[PDB]
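The structure appears below as structure tokens.
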Amino acid sequence: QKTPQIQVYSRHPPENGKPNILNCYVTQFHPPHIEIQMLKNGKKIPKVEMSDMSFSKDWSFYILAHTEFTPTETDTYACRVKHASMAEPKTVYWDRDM
Amino acid sequence: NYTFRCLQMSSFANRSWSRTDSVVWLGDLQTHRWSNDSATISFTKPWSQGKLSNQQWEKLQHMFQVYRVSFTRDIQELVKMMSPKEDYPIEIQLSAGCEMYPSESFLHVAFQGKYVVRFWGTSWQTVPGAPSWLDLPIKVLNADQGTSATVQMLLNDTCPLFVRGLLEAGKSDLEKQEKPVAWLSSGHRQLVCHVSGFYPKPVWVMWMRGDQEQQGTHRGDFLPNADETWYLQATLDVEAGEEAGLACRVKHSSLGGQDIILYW
Ligand SMILES: *[C@@H]1O[C@H](CO[C@@H]2O[C@@H](C)[C@@H](O)[C@@H](O)[C@@H]2O)[C@@H](O[C@@H]2O[C@H](CO)[C@@H](O[C@@H]3O[C@H](CO[C@H]4O[C@H](CO)[C@@H](O)[C@H](O)[C@@H]4O)[C@@H](O)[C@H](O[C@H]4O[C@H](CO)[C@@H](O)[C@H](O)[C@@H]4O)[C@@H]3O)[C@H](O)[C@H]2NC(C)=O)[C@H](O)[C@H]1NC(C)=O
Ligand SMILES: CCCCCCCCCCCCCCCCCCCC(=O)N[C@@H](CO[C@H]1O[C@H](CO)[C@H](O)[C@H](O)[C@H]1O)[C@H](O)[C@H](O)CCCC(=O)NCCCCCCc1ccccc1
Ligand SMILES: *[C@@H]1O[C@H](CO)[C@@H](O)[C@H](O)[C@H]1NC(C)=O
Ligand SMILES: *[C@@H]1O[C@H](CO)[C@@H](O)[C@H](O)[C@H]1NC(C)=O
Ligand code: NA
Ligand code: NA
Numbered sequence: 002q003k004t005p006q007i008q009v010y011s012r013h014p015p016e017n018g019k020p021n022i023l024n025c026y027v028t029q030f031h032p033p034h035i036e037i038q039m040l041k042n043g044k045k046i047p048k049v050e051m052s053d054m055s056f057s058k059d060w061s062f063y064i065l066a067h068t069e070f071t072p073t074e075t076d077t078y079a080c081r082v083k084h085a086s087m088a089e090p091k092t093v094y095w096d097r098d099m
Numbered sequence: 007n008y009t010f011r012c013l014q015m016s017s018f019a020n021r022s023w024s025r026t027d028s029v030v031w032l033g034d035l036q037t038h039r040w041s042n043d044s045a046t047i048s049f050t051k052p053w054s055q056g057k058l059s060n061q062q063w064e065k066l067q068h069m070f071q072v073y074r075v076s077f078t079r080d081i082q083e084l085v086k087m088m089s090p091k092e093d094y095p096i097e098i099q100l101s102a103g104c105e106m107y108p112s113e114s115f116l117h118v119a120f121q122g123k124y125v126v127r128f129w130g131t132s133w134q135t136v137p138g139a140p141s142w143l144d145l146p147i148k149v150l151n152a153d154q155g156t157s158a159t160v161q162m163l164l165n166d167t168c169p170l171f172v173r174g175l176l177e178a179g180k181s182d183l184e185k186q187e188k189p190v191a192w193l194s195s202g203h204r205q206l207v208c209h210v211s212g213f214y215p216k217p218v219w220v221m222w223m224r225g226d227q228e229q230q231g232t233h234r235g236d237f238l239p240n241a242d243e244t245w246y247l248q249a250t251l252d253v254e255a256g257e258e259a260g261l262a263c264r265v266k267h268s269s270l271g272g273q274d275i276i277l278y279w
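Top line first, the protein sequences correspond to chains B and A. Just add 1 to the spot in the first sequence (first one is 1) and you have the deposited numbering. If you use the deposited numbering, the second sequence corresponds to residues 7 to 108, 112 to 195, 202 to 279, in order.
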């Protein structure tokens, strides 16, 4: 049983008011059953697209979530992950730079 | 040097619930998807059929269809036989395909996240350290001559031939060039150079002062974008004041020899 690593980064340079894409890359987990949400100001974003689940040479799973977003300096963004390996959801906030 | 990988993931939750899902990669591009939901293998590219005719493709698909049902049945029946010593839930993963050179093939299987079985030569075999209760089922599997013959054909012959067809039919996607965009951001201070949207994967990203490479540059992991391009960052730890004069330099095949230089 292995704990998911979470990385949150933007497709294009984050400029306030310009539409962009936010990525949440979740890796190094086992078993494969996992729940992944992306959050804007703590609330679940509805239209989040998901890649097919796959796995690496070391057999650990990975998956990529993404959604449209427009960064501003009044909005936070996060990726929240529920998985058997952790007692509660793990949330990683977007760094605002990544 | 392209590696073709068919990745199968099977979760068995209890005697009444399981699913098997597959994805197929040529290098770092997904060529196929096969969901438990679907009877047919879905194409994730317009060239995912390679050079195979419609009927040849249909034959190959049919065999995998039969396989998927047989595999699920075999695993369930094996668990009944071993019960209660081997208990649900069970995760099985298969990684199979071929690495093309100017080829070699592999078929690796893992149980609960650990590599346990391969096909090699003419037979299935447990790997050193695998649980000993696998030995009997593998011996029985090895008695099945038709399966052994089919697997040998698939690995030795079908895989390399299929893949040479994919390399031809997918040439413009496989050889696509996508230009990165870069940007900078940041006791000491950590300077971050972000590089996103590049394809193919090979890239060079360095903090510079004039023409001098700053050896403290720490390259991060390659992270995928959702549009089949790559993301990477390179960080440099500096003290205050020092930030003047520094730049991030990016080289990539798509840039026609015109590097990106970003001055802090
Ligand atoms: C498909 O290719 C197989 C080889 O390729 C590897 O496996 C495949 C699945 C891919 O992963 C690929 O990437 C790999 O590189 C090929 O397997 C080979 O099959 C032949 C027989 O069909 C085997 O030959 C027999 O070898 C044994 C000895 O094996 C041991 O020693 C050798 C080194 O000396 C090692 O390589 C082995 O690993 C073992 O340690 C002999 O004892 C035997 O001789 C006896 O039998 C012959 C008749 O077959 C008689 O005439 C003789 O007098 C003897 O009585 C064979 O010569 C070969 O070992 C096996 N390779 C491996 C690595 O096991 C497979 O046949 C291909 N199938 C098709 C349909 O194309
Ligand atoms: C997806 C894109 C693909 C594009 C194509 C590119 C080519 C890639 C080629 C590489 C892919 C490798 C595929 C490997 C699996 C293929 C197996 C094909 C053979 C097959 O069906 N056999 C079943 C059909 O059975 C009947 O007919 C055959 C004749 O064809 C026999 O004569 C047999 O007697 C008859 O029953 C068999 O039923 C067979 O048993 C299928 C299941 C066996 C199997 O493959 N099991 C999984 C491998 C064993 C490892 C499990 C080990 C394990 C792990 C964890 C816990 C316990 C055990
Ligand atoms: C079997 O597992 C599935 C998924 O874990 C679950 O929905 C269901 O409760 C289980 N069913 C039985 C009969 O145990
Ligand atoms: C997976 O597909 C098989 C074959 O159609 C089906 O019987 C099974 O219920 C599916 N599993 C799930 C969890 O949907
Ligand atoms: Na794993
Ligand atoms: Na596994």
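Backbone N, C-alpha and C define an ideal beta-carbon position, used for all residues, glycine too.
Asked                                                                                                                                                                                                                       : Found
Where does the unbroken beta strand (DSSP E) through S114 of chain A begin, and where does it stop?                                                                                                                         : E113 to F120
Just to confirm before moving on: does the CB-CB distance between residue 198 of chain A and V220 of chain A stay below 8 Å?                                                                                                : Shown without residue 198 of chain A, the model has chain A running from 195 straight on to 202.
Give the interface partners of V207 of chain A over in chain B, defined as CB-CB distance under 7 Å, in chain order.                                                                                                        : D98
Could you pull out every residue in the same chain whose Cβ sits closer than 7 Å to the Cβ of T131 of chain A, ignoring the five residues on either side in sequence?                                                       : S157 and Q161
Quick one: give me the first and last residue of the alpha helix (DSSP H) that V172 of chain A is part of.                                                                                                                  : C168 to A178
Assign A102 of chain A to buried or exposed, taking buried as 16 or more other Cβ atoms, counted over all protein chains shown, within 10 Å of its Cβ.                                                                      : buried
Buried or exposed: which applies to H233 of chain A, given that a residue is buried once 16 or more other Cβ atoms fall within 10 Å of its Cβ?                                                                              : exposed
Where does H31 of chain B fall in DSSP's three states?                                                                                                                                                                      : strand
If we cut at 8 Å on Cβ distances, does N24 of chain B have a partner in chain A?                                                                                                                                            : yes
Using 8 Å as the cut-off, can you tell me whether the stretch 10–22 of chain B makes contact with the stretch 66–82 of chain B, which would need three or more C-beta pairs spanning the two stretches below that distance? : yes
By how many angstroms is the C-alpha of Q2 of chain B removed from the C-alpha of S86 of chain B?                                                                                                                           : 6 Å
Which chain B residues sit within Cβ distance under 9 Å of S211 of chain A?                                                                                                                                                 : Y10, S11, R12, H13 and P14
Comparing C-alpha positions only, which one of A:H203, A:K86 and A:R264 sits nearest to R21 of chain A?                                                                                                                     : A:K86
Out of A:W222, A:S141, A:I276 and A:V172, state which residue places its alpha-carbon closest to the alpha-carbon of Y107 of chain A.                                                                                       : A:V172
What's the C-alpha gap between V265 of chain A and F10 of chain A?                                                                                                                                                          : 29 Å
How should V149 of chain A be labelled, buried or exposed, when 16 other C-beta atoms within 10 angstroms of its C-beta is the threshold for buried?                                                                        : exposed
Between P20 of chain B and chain A, is any beta-carbon pair separated by less than 8 Å?                                                                                                                                     : no
Can you look up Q67 of chain A in the DSSP assignment and give me helix, strand or coil?                                                                                                                                    : helix
Using a Cβ-Cβ cut-off of 7 Å (strictly less than) and excluding sequence neighbours within five positions of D34 of chain A, which residues of its own chain qualify?                                                       : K216
Can you pull out the residues from the stretch 222–250 of chain A whose beta carbon lies closer than 7 Å to at least one beta carbon of chain B?                                                                            : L238, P239, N240, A241 and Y246
Between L175 of chain A and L13 of chain A, how many whole angstroms is the CB-CB distance? I'm expecting something under 8 Å.                                                                                              : With 8 Å as the limit, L175 of chain A and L13 of chain A do not qualify as a contact, their Cβ atoms being about 16 Å apart.
What did DSSP end up calling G103 of chain A once you bin it into helix, strand or coil?                                                                                                                                    : strand
Excluding the five sequence neighbours on either side, which residues of its own chain have a C-beta within less than 6 Å of the C-beta of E36 of chain B, listed in chain order?                                           : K83
Tell me the start and end of each unbroken alpha helix (DSSP H) in the stretch 7–88 of chain A that is at least 4 residues and wholly inside, in chain order.                                                               : 60–88
Looking at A45 of chain A and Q82 of chain A, is the spacing between their C-beta atoms short of 8 Å?                                                                                                                       : no
If you draw a straight line from the C-alpha of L116 of chain A to the C-alpha of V126 of chain A, how long is it?                                                                                                          : 8 Å
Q121 of chain A: beta carbon under 7 Å from a heavy atom of ligand 6?                                                                                                                                                       : yes
Can you pull the chain B neighbours of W192 of chain A, defined as C-beta to C-beta under 7 Å?                                                                                                                              : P14
List the residues that DSSP assigns as beta-bridge partners of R204 of chain A.                                                                                                                                             : A:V253
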